[PDB]
């Protein structure tokens, strides 16, 4: 019944799960507070190496701290996009280090004025991950695109079958946990994002 579930694997992956499936995990203060507390806990636990972020049920996070605070963590966040990824849900996914998506999962850059203007929000991350052209197209049209188009556009690293989504996100996450030390991951995130988050 908690808004956000928290689970740690033996391999040192914190699994963070949006748990309001009845509303396709639409953003809200319960979901926010669960998310922050869950992230803080993974971030503070030296036994945790990598974070996996996902939504329970049919949707990832469909509509409704700075927007990009995930980019300033010492630890990587892997989004496993199980279904509808819309509005603030797209913004949060794109703030993550790496994204896997289930085949058929729907994306839409649909926003109210407040999301469009928000500093370090979608109008910041989207063109940085893709380009002005992609960002203009997706924002002005508000159109729906699927996991496969998202991958073509570079919004997603890899599309897998729905059944294989979590095994793959977890495989990859323990893979990087073995390959990089904790201070190497922190260095990488800080080096890649750079001066740009400040």
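Positions refer to the first chain, counted from 1.
A chain break between residue 64 and residue 65 is present, corresponding to 10 or more residues of the deposited sequence without coordinates.
Legend: mean Cα B-factor per stretch from the PDB entry, 128 to 136 versus 22 to 30; the higher mean is in 22 to 30. Higher mean CA temperature factor between 141 to 149 and 159 to 167: 159 to 167, per the PDB entry.
Residue 56 sits in the highest third of its chain by CA B factor, as recorded in the PDB entry. In the deposited entry, the Cα temperature factor of residue 188 sits in the bottom third of values across the chain's modelled residues.
Annotation for residue 39: C-alpha temperature factor in the middle third relative to the rest of the modelled chain, per the entry.
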